[PDB]
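Visitor: build me a model:
(chains A, B, C, D and E)
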Amino acid sequence: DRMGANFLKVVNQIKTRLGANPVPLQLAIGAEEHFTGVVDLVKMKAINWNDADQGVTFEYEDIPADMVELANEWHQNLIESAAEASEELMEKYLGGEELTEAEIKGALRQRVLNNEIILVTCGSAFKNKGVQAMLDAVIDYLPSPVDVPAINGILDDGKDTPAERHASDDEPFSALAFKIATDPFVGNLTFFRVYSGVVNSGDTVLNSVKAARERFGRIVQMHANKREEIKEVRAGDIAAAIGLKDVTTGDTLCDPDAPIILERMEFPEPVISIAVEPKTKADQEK
Amino acid sequence: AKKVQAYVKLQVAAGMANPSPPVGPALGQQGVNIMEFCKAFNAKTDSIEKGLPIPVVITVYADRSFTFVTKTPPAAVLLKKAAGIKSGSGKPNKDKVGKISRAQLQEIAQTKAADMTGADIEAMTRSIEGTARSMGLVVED
Amino acid sequence: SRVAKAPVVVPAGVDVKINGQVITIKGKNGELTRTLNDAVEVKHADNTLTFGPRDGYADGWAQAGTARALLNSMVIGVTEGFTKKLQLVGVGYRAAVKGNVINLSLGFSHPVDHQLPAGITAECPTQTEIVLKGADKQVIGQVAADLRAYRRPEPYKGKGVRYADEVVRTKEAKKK
Amino acid sequence: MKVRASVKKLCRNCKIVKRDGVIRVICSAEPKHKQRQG
RNA sequence: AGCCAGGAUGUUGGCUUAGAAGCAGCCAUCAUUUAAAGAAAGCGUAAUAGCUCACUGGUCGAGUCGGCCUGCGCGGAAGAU
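Guide: Numbering: from 1, shown residues only, chains lettered A, B, ... in the order given. Have a look at this structure:
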């Protein structure tokens, strides 16, 4: 909703600078100030938004008459994007079997596990124009923890046997340690995410890469700010693996007699170095 | 040959494949693949013992084309290839070290006579005596 | 002089109305008249126009030296014309022609739409390029320079409205 | 326009024309080289 | 004085070569062709590509140019019922 904001320029600028292959889907209706419609091209439906409300309507209509031909020349490039994704849609682009909304995404979802095309959407966050539109693609173009290759614990030093473990609750427990913040209540905190398996409350969770013993305290979830005590952590939640005695960047959070992960790829280098000096001589003690 | 578009003669010792930064721009004038000028000259560069600056000129053409002229190394660096040191000009008329007679100067001029139409034998002889006096070198025969 | 060795050749298709000091040129698409000063002696001799400085005003070699350059431009301006293109380099800045009015997307809290006088057929191939067409050499610059004076060429980015042939000198920040 | 009593032709391409009587000197690329009095 | 107009081309011009590559600066300060070109004036610039001065080589086809001396003129020149 700004001047100079050409949607078709930027997505066709990626093919020049970033060198990628983007085929966009949700196009633009409106001259950026009277902007009212976002042109979803699979279902060929424009969406009405709020007059100025923080979120009332979702009214779907047809393609408006002021863009009846740009929808024509851009939908035919959408339905190209499955004939060269899977080999089986090659003979019905030319034969003329109908390219429905549901059929094309079954090929393009498998085009996200290799990542040759990215899916683009224009709209406004602040003007409440597109946010309610942007959620339905996440369940259909962004991958799930059970649709991906799951936890792959290799071994230790014996042999390189990468083992795809299960994404369900039927595995040994596994997690990782990252975003390990602090607090003046308990000391150390984490923002950890469990990939599969279920843990109960109270566990001898180790950190099996650095040979240390830790015990699993009272886990707390947030609204990104507020303390909500999560007792039973299910497979896929993100919480605070509290009470770790020592913890490093990206080591395992795993019960013994189980698979073990060990990874610290791309340890950075903080470059600019400034020397802090105390104010009082009581300060250098603290 | 050509005109106000482009004509600069700059090339230094051809043992270095990568275009040296100050030479870069004479290759950075009319859109070359810099791998092409590396692959053009190396078929004949394996007939030399490298160490002297060998010159080429660049000359251009309309679409994406270009051309270049191969000659022999100049006698100015041939004066200071035999003399051992590459830079002797510290004081021109106050240094008297190092002699080469005219016979060396003409046999490095036959390779000019077998390559180029200017830089003739007898006319360059005083300037190959003139690059000696500026360096502080002596000549007798 | 050089100006005295410069007579102007009127072609067929542009008619002169010599009422002495007041000449009204009946041309192709307009009427390019100039009421000159009395330091001139005008005569459309055969076809090529000849002029002369009047006595007393011996500085009329200047005052008609303007005129020799003047009427040459007038007979070629009423027929062929001037392409006066301007280059809009501004973040979110557009240009669009309707009737005889130009919009000015000029980074303000309010739109500026100024109406442009006669002797102007303006055009706009895009949001950054804008044609101006005219018959007088003065009017093809005067309406052009007013737009350029609303947003002069900024010499830290290259921002501003600038002519087609004009080349700015943009500098560098050099402190922060 | 800086003012000073001395108009000295300073830049290499410095035009001088007498607009209104007071001299102001015209460079091309340097705005710094333009004085007006004298 | 302008439009075409080559900026004929030996060379990297050293030093000290990291670039001080005609264009940072000290000593030389020759010129292969001299109907047009200096081992050189700035900008582009770490260096150069870009743009010129150099001779205007070909067109206009007549006057033109830089200083010395004086007659006068302009600026310099802003004050308080």
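
Visitor: ranges for the helices of chain C?
Guide: Remark: helices assigned in chain C by DSSP state H are C:60-63, C:65-77, C:139-148.

Visitor: so which residues on chain C come close to chain A?
Guide: Residues of chain C found near chain A (Cβ under 8 Å from any Cβ of the partner chain) are C:91-93, C:105. Every residue, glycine included, has its C-beta placed from N, CA and C.

Visitor: which of these are buried?
Guide: When those are checked for burial by 16 or more other Cβ atoms under 10 Å in any protein chain shown, the buried set is C:93, C:105.

Visitor: any idea which of the residues of chain C next to chain A is closest to residue C:53?
Guide: Nearest to residue C:53 out of these is residue C:93 (Cβ to Cβ; 48.9 Å).

Visitor: the closest one contacts residue C:106, correct?
Guide: Yes. Assessed by Cβ atoms under 8 Å, residue C:93 is found in contact with residue C:106 at 6.9 Å.

Visitor: which SSE is the residue of chain B found nearest chain C in?
Guide: Nearest residue of chain B to chain C: residue B:4, at 19.8 Å (Cβ to the nearest Cβ). Per DSSP states H and E, residue B:4 falls between elements, in no helix or strand.

Visitor: now the residue at minimal distance from the centre of chain A. Nearest residue, chain neighbours left out?
Guide: By Cα atoms, centre = their mean, chain A has its centre lying nearest to residue A:142, at 6.8 Å. Leaving aside its sequence neighbours, residue A:142 sits nearest to residue A:112 (Cβ to Cβ, 6 or more residues apart in numbering or on different chains; 7.4 Å).

Visitor: quick check: buried residues in whichever helix in chain B runs longest?
Guide: In chain B, with assignment by DSSP H, the single longest helix is helix B:102-113. Buried residues in helix B:102-113, counted by 16+ other Cβ under 10 Å: B:105-106, B:108-109, B:112.

Visitor: helix, strand, or coil at the residue nearest the centre of chain D?
Guide: For chain D, residue D:25 is the residue whose C-alpha lies nearest the centre (Cα atoms, centre = their mean; 2.0 Å). Using DSSP: H, G, I helix; E, B strand; the rest coil, the structure places residue D:25 in strand.

Visitor: please name every helix or strand in contact with the longest helix of chain B.
Guide: Applying 3 or more Cβ pairs under 8 Å, 6 or more residues apart in numbering or on different chains; DSSP states H and E, one finds that helix B:102-113 contacts helix B:75-82, helix B:121-124.

Visitor: can you tell if that helix touches RNA strand E?
Guide: No. Helix B:102-113 lies apart from RNA strand E when judged by Cβ under 7 Å from any atom of the strand; the minimum separation is 8.2 Å.

Visitor: how big is the angle separating that helix from helix B:75-82?
Guide: Here the directions of helix B:102-113 and helix B:75-82 differ by 130 degrees (axes from the mean of the first three to the mean of the last three Cα atoms, to 10 degrees).

Visitor: look up phi and psi at whatever residue of the stretch 51-200 of chain A ends up closest to RNA strand E.
Guide: Nearest to RNA strand E, among the residues of the stretch 51-200 of chain A, is residue A:118, at 35.6 Å (Cβ to the nearest atom of the strand). Phi and psi for residue A:118, reported as degrees, to the nearest 10, are phi -110, psi 150.

Visitor: how close does it get to residue C:133?
Guide: Counting by Cβ to Cβ, to the nearest Å, the gap from residue A:118 to residue C:133 is 46 Å.

Visitor: repeat for residue C:68
Guide: Note on residue C:68: its distance to residue C:133, by Cβ to Cβ, is 25 Å.

Visitor: who's more crowded, these two?
Guide: Neighbour tally, residue C:68 and residue C:133, criterion other Cβ atoms under 10 Å in any protein chain shown: the higher count belongs to residue C:68, 20 against 15.

Visitor: now that one: closest residue in space that isn't a chain neighbour?
Guide: In space, and not counting its chain neighbours, residue C:68 is closest to residue C:3: 5.2 Å by Cβ to Cβ, 6+ apart.

Visitor: which residues of chain D fall in strands?
Guide: Along chain D, counting by DSSP state E, strands occupy D:15-17, D:24-26.

Visitor: just put the helices and strands packed on helix B:102-113 in a markdown table and tack on mean neighbour count.
Guide: Listed next are these as a markdown table, based on neighbours: other Cβ atoms under 10 Å in any protein chain shown:
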| stretch | mean neighbour count |
| --- | --- |
| helix B:75-82 | 17 |
| helix B:121-124 | 13 |
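
Visitor: can you lay out the ones you listed as a markdown table showing distance to residue B:42?
Guide: Converted to a markdown table, these look like this (distance: least, Cβ to Cβ, whole Å):
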| stretch | distance to residue B:42 |
| --- | --- |
| helix B:75-82 | 21 |
| helix B:121-124 | 29 |
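
Visitor: can I get the ones you listed in CSV including distance to chain C?
Guide: Output for these, formatted as CSV (distance: least, Cβ to the nearest Cβ, whole Å):
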stretch, distance to chain C
helix B:75-82, 40
helix B:121-124, 45
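
Visitor: from residue D:5, how far out is the residue nearest to the centre of chain D?
Guide: Here residue D:25 is placed at a distance of 13 Å from residue D:5 (Cβ to Cβ).

Visitor: again, but for residue B:60
Guide: For residue B:60, the distance to residue D:5 (Cβ to Cβ) stands at 54 Å.

Visitor: neighbour-wise, which of these two wins?
Guide: A side-by-side neighbour count of residue B:60 and residue D:5, using other Cβ under 10 Å, places residue B:60 first with 16 against 7.

Visitor: quick one: contacts for the more buried one?
Guide: Residues near residue B:60 by Cβ atoms under 8 Å, 6 or more residues apart in numbering or on different chains: B:2, B:5-6, B:29-30, B:66-67.

Visitor: switch to 6 Å and redo it
Guide: B:5-6, B:30, B:66 (Cβ atoms under 6 Å, 6 or more residues apart in numbering or on different chains).

Visitor: quick one: contacts for residue C:155?
Guide: By Cβ under 6 Å, 6+ apart, the contact list for residue C:155 reads C:170-171.

Visitor: thinking again about what came up before, ok, the residue nearest to the centre of chain A to residue C:36 distance?
Guide: Counting by Cβ to Cβ, the gap from residue A:142 to residue C:36 is 78 Å.

Visitor: ok, residue A:130 next?
Guide: According to Cβ to Cβ, residue A:130 and residue C:36 sit 66 Å apart.
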